[PDB]
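Note sheet for the following structure.
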Amino acid sequence: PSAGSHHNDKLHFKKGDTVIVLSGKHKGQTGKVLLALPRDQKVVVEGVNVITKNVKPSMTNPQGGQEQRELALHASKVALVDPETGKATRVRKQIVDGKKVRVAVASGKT
Amino acid sequence: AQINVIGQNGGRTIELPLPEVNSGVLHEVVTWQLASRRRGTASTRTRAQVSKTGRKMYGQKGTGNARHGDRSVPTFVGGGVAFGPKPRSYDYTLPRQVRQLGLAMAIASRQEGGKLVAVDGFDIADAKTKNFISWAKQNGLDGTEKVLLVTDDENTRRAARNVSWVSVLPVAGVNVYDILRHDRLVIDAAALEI
Amino acid sequence: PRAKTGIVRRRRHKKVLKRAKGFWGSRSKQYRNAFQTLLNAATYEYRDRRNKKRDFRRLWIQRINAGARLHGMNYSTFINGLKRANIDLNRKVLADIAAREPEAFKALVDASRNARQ
Amino acid sequence: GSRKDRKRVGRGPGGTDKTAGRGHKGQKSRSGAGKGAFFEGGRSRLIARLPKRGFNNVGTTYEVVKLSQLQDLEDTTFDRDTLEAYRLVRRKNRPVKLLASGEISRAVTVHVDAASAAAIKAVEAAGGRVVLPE
Amino acid sequence: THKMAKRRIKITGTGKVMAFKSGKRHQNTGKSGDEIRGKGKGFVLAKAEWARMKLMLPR
RNA sequence: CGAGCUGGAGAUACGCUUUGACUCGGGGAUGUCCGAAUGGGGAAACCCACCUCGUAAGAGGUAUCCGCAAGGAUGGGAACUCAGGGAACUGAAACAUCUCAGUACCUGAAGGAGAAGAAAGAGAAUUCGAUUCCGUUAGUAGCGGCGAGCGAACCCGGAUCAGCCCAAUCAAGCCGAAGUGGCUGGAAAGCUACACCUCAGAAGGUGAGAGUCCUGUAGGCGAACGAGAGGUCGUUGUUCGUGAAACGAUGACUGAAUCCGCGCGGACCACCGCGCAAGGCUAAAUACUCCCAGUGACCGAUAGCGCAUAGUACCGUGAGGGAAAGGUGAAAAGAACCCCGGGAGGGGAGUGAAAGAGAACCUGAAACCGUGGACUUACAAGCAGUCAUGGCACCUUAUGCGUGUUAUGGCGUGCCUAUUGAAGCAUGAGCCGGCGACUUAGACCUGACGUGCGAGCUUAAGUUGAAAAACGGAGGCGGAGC
RNA sequence: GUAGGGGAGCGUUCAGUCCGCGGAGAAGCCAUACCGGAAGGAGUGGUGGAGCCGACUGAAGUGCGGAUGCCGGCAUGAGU
Ligand SMILES: [Mg+2]
Ligand SMILES: [Mg+2]
Ligand SMILES: [Mg+2]
Ligand SMILES: [Mg+2]
Ligand SMILES: [Mg+2]
Ligand SMILES: [Mg+2]
Ligand SMILES: [Mg+2]
Ligand SMILES: [Mg+2]
Ligand SMILES: [Mg+2]
């Protein structure tokens, strides 16, 4: 039960965005959004990861082996932040699109 | 016998309760007040009746090492509670003389120290919340006290919203508790005052 | 609101239990039998506390007339002659004077003799 | 300050718990534990066997208005038919009656529903009038 | 109790109880003349203690 | 709504989405079979038919009950309402009247509410003016083996307040203010230094303790379509038990007047009042909680609903009864590889802050079983202790009035309950957890202490504000007794 | 000193204030020779891993050895 639905189960970020790490570890490191999971609040950035070993009863002469793969994340990160660091961007508006909004803090480029 | 912070004068009225600040009556008053607020909500299955159980058991005499009637009794597990809480009230009317003697005795209890009456709230300038911090700093409120504001004028109250500094009490709806709880009482609006 | 018995009983019990030490078997281990051992234990405590004084009385005396007899008198005779002399209100624990220091006790004997005939 | 706020100093004592008390096992040994039947009265013991009837009525009852009250203090505001409610007879429910208790000479004129003998024999000897409904 | 009103449990101004003399009331008479006027006023305050409680609120 | 989606599903594969998927508010369209089940049968979910259109496949109809027919009803619903029927244990310290009590239960009808209603009346002022509801009158009038007990109504204060006709805004959601450095740390939201917002410091999430990091909060906006008569006999009701028993109400016999008339006013009479029966409907204020929301001097895993979902397992032919059951980690990084073993299981390595978290994964008491150690024990009669001394071992509240263990001496009849009396050969109990018993209520009664006013003292229902409390004098208690 | 009456208090849950403490680690559990007239309360040391003392006031489902008491767990009879 419970589970990640504390937010409105909406994502402040998008699938194709560059994003950095607010606090946490690998502080301020950045990367492209890869996996965006809204319900469970999970984000995969190209940036941060682990070395995870595979238990493999059958894989290509199964003989199990180790891989190095990406650790998923919470809402903790900073989402598409232009002026060379992370900051909270609320504001919306229209620029070239009647049907579309955009995002900024002090600036207007995401 | 007290000053106003902006504009006029007055507050030389209001003979204060005698003797000055009797805390027994105070205690009586607040205790009554919390008691008034107290909302009885009782989750208890008291009776062997409340909980769900079929009631005839097994042999009385002759089973041995036994002795029981039913599974719903309080000497059992899962069963009813003997003397658990029920949905009551505990709200009464404290005699009115003391109801009005109290708050007066509180205001009186603010004459060993700081209290304030104000007029001319126009120094607030809409709300902005900032100008309340200003108004405070100029009127001597460090915000290292706890403050209660009693006034009308929604513009003037709504300037104050925060946990640290202040709390707000409209239309002279004052509580002996609320004012005795906070450090500074700003009696502000001089309507109920004087 | 309810108050579960939690950590209250346990504490008390643990205290009782700790009072039980070199107690044999069940006594030292499980509560009830410990506690109820400690009732009779009370009885013997206070009563023997009033008692050990009767006990030591007995012991000291039992030494004193022993030495007296080594010198030719007895407790009856020795304290009779000693106290017959307003000289000795000496009394208490005098046993160790008979035990440790013989010559002294001898002098007290002869004193008890001069206080007789 | 609520935390420096004291007690009543002797309004209440704590309640009564019969749990514990190391040798409390409460009430009476046999007989009269457990029951909701105690019941001090009842026809059994010396109430019946007691011999009365008479009969119940309790008809008209009147406000007792002390003379001492009326005289002495106030103004002799000439009590009459209305102001009297503020004079503390307060009843309604019943008519008003005047009786003689205190003595002071005064001119007084009062509307009540009835009065006693030495009442009218008092009010007039000091001068005055006492009205009665026709 | 609520029966005892018109019968004399009756309460005085000193908070005492009116119970007088029963000696013979109706049946079985034909002794003297002042045992017949033996009907009294009277009371005791031992069982007056719990008596009023029968009559309690309605004085 | 604007990037994800492919149900709890943990899982691989196939794929869908900006030509707006998924999710959310709104309609429609499909909807096997059983069940009021209704073509007929039937051991519910199966078995057999028949009529109509046809191009087979397929569609429609085929129960009964009131009607011109349109059209209505069959059944279901926790509790709430009215109605037909109606107990007993129990109290009376036994028991017939009585009480329990028109209580429980059965049954019938209906709705979101019901019931009840527009005076042949209350009532004693020639006042009031439909019903219901709350306060109060009041334990008062009264009822009663005049026992146990039962117990009104008018007045008055309110919530809400209408009589009218027949027969001669909330709904999906969008918008939304304000922080960086250094520091401890595995991890910052904590500490520190400066800084800002606030009609927004309610709350939750985020590796720990959050105004300014996410979601939100105040505020603002927000739709196509959608919802807002008389008597007699037998009886009984209300306080009404046959009592002087009036009046309503019928079961059986009877059976008048109609406006110079009729019913009432507690036997009855005359005065005197109040009313005009035999025809119907009538929101509102009242009751309840299947259900949704919000809060709590409510619980937090023997509690709390039976259930941290199960009426399941499990018991019973059946009606019916009926369980216990929670926790890796912040994150799966959930342990590749190696060793002993068929395995189970563990030992390394590695991930991790921690594996003193390893999936018999939070803590981890006690009973209970062991392993090692210290001091001890194989002539001693033992409620297991207690005191006194000696030996021996140990020195973190701790070299002393020590701590542990012991040998000897003295003393020493478990606990509880029930009792004239208990070590009792009298009850209870295997041991340890955990659960487990003097309570709550009422405008009650009486007393003690304390407080406010004080010959005065107070409000109840309710109204109004409700982070908060004021108003509300109907009434109650003193004040005169016999 | 038994029923019984009177007086002072200890401890536990919740609530309002007050003061604060905690990842350089909360409660809980473990041991312990110290404190107090008792209920009891601290000192430090070991466990633990997310919370909690102290003070005042108020409210209680508030204190267990018993009830052939209740749920559970684990013993004895026995390697019989
Ligand atoms: Mg007993
Ligand atoms: Mg030492
Ligand atoms: Mg006992
Ligand atoms: Mg006895
Ligand atoms: Mg025995
Ligand atoms: Mg025996
Ligand atoms: Mg064998
Ligand atoms: Mg054998
Ligand atoms: Mg054998």
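Naming works like this for the structure tokens: A, B, ... for the chains as they're shown, residue 1 at the start of each chain, ligands 1 onward in shown order.
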Contacts from chain D to chain G, 9 Å maximum, only C-alpha atoms (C1' of nucleotides): show me the residue list as number ranges by chain. D: 1-7, 19-20, 28-29
Would you mind exporting N, CA and C atoms of the selected residues as a CSV table (one decimal), in the first residue's frame?
```
chain,number,residue,atom,x,y,z
D,1,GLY,N,1.1,32.9,32.5
D,1,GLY,CA,1.6,31.7,31.8
D,1,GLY,C,1.0,30.4,32.2
D,2,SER,N,0.4,29.7,31.3
D,2,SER,CA,-0.3,28.4,31.6
D,2,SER,C,0.5,27.3,32.4
D,3,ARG,N,1.8,27.3,32.1
D,3,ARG,CA,2.7,26.4,32.8
D,3,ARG,C,3.1,26.7,34.2
D,4,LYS,N,3.0,28.0,34.5
D,4,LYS,CA,3.3,28.5,35.8
D,4,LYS,C,1.9,28.6,36.6
D,5,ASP,N,0.8,28.5,35.9
D,5,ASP,CA,-0.5,28.4,36.4
D,5,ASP,C,-0.7,27.3,37.5
D,6,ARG,N,-1.2,27.7,38.7
D,6,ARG,CA,-1.3,26.8,39.8
D,6,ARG,C,-2.6,26.0,39.8
D,7,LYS,N,-2.8,25.3,40.9
D,7,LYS,CA,-4.0,24.5,41.1
D,7,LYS,C,-5.1,25.3,41.8
D,19,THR,N,-8.4,-1.3,42.7
D,19,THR,CA,-7.3,-2.1,42.2
D,19,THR,C,-6.0,-1.7,43.0
D,20,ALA,N,-5.2,-2.8,43.3
D,20,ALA,CA,-4.1,-2.7,44.3
D,20,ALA,C,-4.4,-2.6,45.7
D,28,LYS,N,-18.1,-5.9,51.4
D,28,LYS,CA,-18.4,-6.7,52.5
D,28,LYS,C,-18.1,-8.2,52.2
D,29,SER,N,-17.6,-9.0,53.1
D,29,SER,CA,-17.1,-10.4,52.8
D,29,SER,C,-18.1,-11.2,52.0
```
If the limit is 12 Å from any atom of ligand 8, counting only C-alpha atoms (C1' of nucleotides) and all ligand atoms, which residues qualify? Return them as a list in words. residues 77, 78, 79 and 80 of chain G
Emit the selected residues as a PDB file, in the first residue's frame, including N, CA, C and O atoms (P, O5', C5', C4', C3', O3' and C1' of nucleotides).
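Output file result_32.pdb follows:
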```
ATOM      1  P     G G  77      11.049 -35.814  32.728  1.00  0.00           P
ATOM      2  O5'   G G  77       9.770 -36.720  32.840  1.00  0.00           O
ATOM      3  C5'   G G  77       9.463 -37.411  34.034  1.00  0.00           C
ATOM      4  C4'   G G  77       8.043 -37.869  33.955  1.00  0.00           C
ATOM      5  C3'   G G  77       7.780 -38.962  32.930  1.00  0.00           C
ATOM      6  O3'   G G  77       7.984 -40.269  33.470  1.00  0.00           O
ATOM      7  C1'   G G  77       6.272 -37.153  32.603  1.00  0.00           C
ATOM      8  P     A G  78       8.286 -41.556  32.527  1.00  0.00           P
ATOM      9  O5'   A G  78       9.212 -40.960  31.407  1.00  0.00           O
ATOM     10  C5'   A G  78      10.572 -40.786  31.711  1.00  0.00           C
ATOM     11  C4'   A G  78      11.403 -40.850  30.478  1.00  0.00           C
ATOM     12  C3'   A G  78      12.619 -39.946  30.521  1.00  0.00           C
ATOM     13  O3'   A G  78      13.633 -40.603  29.794  1.00  0.00           O
ATOM     14  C1'   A G  78      11.332 -39.413  28.653  1.00  0.00           C
ATOM     15  P     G G  79      15.158 -40.275  30.083  1.00  0.00           P
ATOM     16  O5'   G G  79      15.746 -40.117  28.605  1.00  0.00           O
ATOM     17  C5'   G G  79      15.972 -41.250  27.758  1.00  0.00           C
ATOM     18  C4'   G G  79      14.744 -41.634  26.957  1.00  0.00           C
ATOM     19  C3'   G G  79      14.962 -42.737  25.920  1.00  0.00           C
ATOM     20  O3'   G G  79      13.679 -43.333  25.639  1.00  0.00           O
ATOM     21  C1'   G G  79      14.344 -40.799  24.814  1.00  0.00           C
ATOM     22  P     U G  80      13.431 -44.932  25.625  1.00  0.00           P
ATOM     23  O5'   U G  80      12.197 -45.109  26.612  1.00  0.00           O
ATOM     24  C5'   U G  80      12.357 -45.211  28.022  1.00  0.00           C
ATOM     25  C4'   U G  80      11.035 -45.032  28.744  1.00  0.00           C
ATOM     26  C3'   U G  80       9.850 -45.838  28.194  1.00  0.00           C
ATOM     27  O3'   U G  80       9.740 -47.110  28.835  1.00  0.00           O
ATOM     28  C1'   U G  80       9.247 -43.542  28.507  1.00  0.00           C
TER      29        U G  80
END
```
For chain F, work out the contacting residues on chain E at 10 Å, counting only C-alpha atoms (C1' of nucleotides), and write them as an mmCIF file with N, CA and C atoms, in the first residue's frame.
```cif
data_model
loop_
_atom_site.group_PDB
_atom_site.id
_atom_site.type_symbol
_atom_site.label_atom_id
_atom_site.label_comp_id
_atom_site.auth_asym_id
_atom_site.auth_seq_id
_atom_site.Cartn_x
_atom_site.Cartn_y
_atom_site.Cartn_z
ATOM 1 N N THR E 1 -42.016 6.140 50.032
ATOM 2 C CA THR E 1 -41.949 6.300 48.586
ATOM 3 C C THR E 1 -43.168 7.099 48.159
ATOM 4 N N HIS E 2 -43.414 7.187 46.858
ATOM 5 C CA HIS E 2 -44.508 8.015 46.348
ATOM 6 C C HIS E 2 -45.899 7.609 46.873
ATOM 7 N N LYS E 3 -45.976 6.494 47.578
ATOM 8 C CA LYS E 3 -47.205 6.145 48.265
ATOM 9 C C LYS E 3 -47.295 6.908 49.581
ATOM 10 N N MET E 4 -46.152 7.090 50.226
ATOM 11 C CA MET E 4 -46.107 7.556 51.613
ATOM 12 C C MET E 4 -46.465 9.037 51.880
ATOM 13 N N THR E 12 -41.007 18.263 59.177
ATOM 14 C CA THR E 12 -41.244 19.545 59.848
ATOM 15 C C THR E 12 -40.362 20.697 59.322
ATOM 16 N N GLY E 13 -40.324 21.813 60.031
ATOM 17 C CA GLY E 13 -39.454 22.903 59.640
ATOM 18 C C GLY E 13 -38.024 22.714 60.105
ATOM 19 N N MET E 53 -35.985 10.347 52.751
ATOM 20 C CA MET E 53 -35.564 9.860 51.449
ATOM 21 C C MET E 53 -36.693 9.169 50.678
ATOM 22 N N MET E 56 -38.323 12.350 49.649
ATOM 23 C CA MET E 56 -37.261 13.367 49.653
ATOM 24 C C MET E 56 -37.537 14.698 48.957
ATOM 25 N N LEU E 57 -37.573 14.703 47.629
ATOM 26 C CA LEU E 57 -37.721 15.967 46.900
ATOM 27 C C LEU E 57 -39.097 16.639 47.109
ATOM 28 N N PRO E 58 -40.194 15.868 46.999
ATOM 29 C CA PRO E 58 -41.473 16.474 47.380
ATOM 30 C C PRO E 58 -41.617 16.578 48.897
#
```
Just to confirm, what's the straight-line distance from atom CA of residue D:92 to atom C1' of residue F:474 in Å (one decimal)? 12.3 Å
Please return, as a PyMOL selection string, all residues of chain B that DSSP assigns to strand (DSSP E) on the basis of the backbone. chain B and resi 115-117+147-149+166-168+184-188
Any chance you can output those residues with C-alpha atoms as a PDB file, in the first residue's frame?
```
ATOM      1  CA  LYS B 115       0.195  44.736  26.583  1.00  0.00           C
ATOM      2  CA  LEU B 116      -1.021  47.111  23.874  1.00  0.00           C
ATOM      3  CA  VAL B 117      -4.009  48.980  22.455  1.00  0.00           C
ATOM      4  CA  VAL B 147       1.652  37.734  20.110  1.00  0.00           C
ATOM      5  CA  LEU B 148      -2.139  37.727  19.874  1.00  0.00           C
ATOM      6  CA  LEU B 149      -3.884  40.316  17.703  1.00  0.00           C
ATOM      7  CA  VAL B 166       1.821  35.988  15.962  1.00  0.00           C
ATOM      8  CA  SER B 167      -1.730  34.659  16.052  1.00  0.00           C
ATOM      9  CA  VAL B 168      -5.008  36.362  15.175  1.00  0.00           C
ATOM     10  CA  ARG B 184       2.208  39.578  24.268  1.00  0.00           C
ATOM     11  CA  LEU B 185      -1.427  40.461  23.918  1.00  0.00           C
ATOM     12  CA  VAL B 186      -1.962  43.192  21.385  1.00  0.00           C
ATOM     13  CA  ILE B 187      -5.469  44.255  22.286  1.00  0.00           C
ATOM     14  CA  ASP B 188      -5.290  46.453  19.198  1.00  0.00           C
TER      15      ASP B 188
END
```
How would you write, as an MDAnalysis selection string, the set of residues no farther than 8 Å from ligand 2 when counting only C-alpha atoms (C1' of nucleotides) and all ligand atoms? chainID F and resid 395 398:400 402
Taking 5 positions as the minimum chain separation for residues in the same chain, which residues sit within 12 Å of residue C:4 when counting only C-alpha atoms (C1' of nucleotides)? Answer as a VMD selection string. (chain C and resid 9) or (chain F and resid 299 to 300 302 to 303 434 to 436) or (chain G and resid 12 to 14 60 to 63)
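Nearest to chain D of all the residues F:338, F:156, F:367, F:66 is F:156, counting only C-alpha atoms (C1' of nucleotides).
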Write down, as an NGL selection string, each residue of chain F that has any atom within 10 Å of an atom of chain D, counting only C-alpha atoms (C1' of nucleotides). :F and (93 or 141 or 147-148 or 155 or 437-438 or 449-451 or 456 or 479-480)
Please, which residues have at least one atom within 10 Å of an atom of ligand 3, using only C-alpha atoms (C1' of nucleotides) and all ligand atoms, listed as JSON, numbers by chain? {"D": [20, 22, 23, 24, 25], "F": [415, 416, 417], "G": [64, 65, 66, 67]}
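Atom CA of residue C:25 lies 14.4 Å from atom CA of residue C:38.
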Hey, which residues sit close to ligand 5? Say within 12 Å, counting only C-alpha atoms (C1' of nucleotides) and all ligand atoms, and write them as a ChimeraX atom specification. /F:414-417,422-429
With DSSP run on the backbone, what are the alpha helix (DSSP H) residues within stretch 111-162 of chain B? I'd like them as a PyMOL selection string. chain B and resi 130-139+154-157
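Each of F:471, F:33, F:178, F:418 was checked against ligand 4 using only C-alpha atoms (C1' of nucleotides) and all ligand atoms; the smallest atom-to-atom distance is that of F:418.
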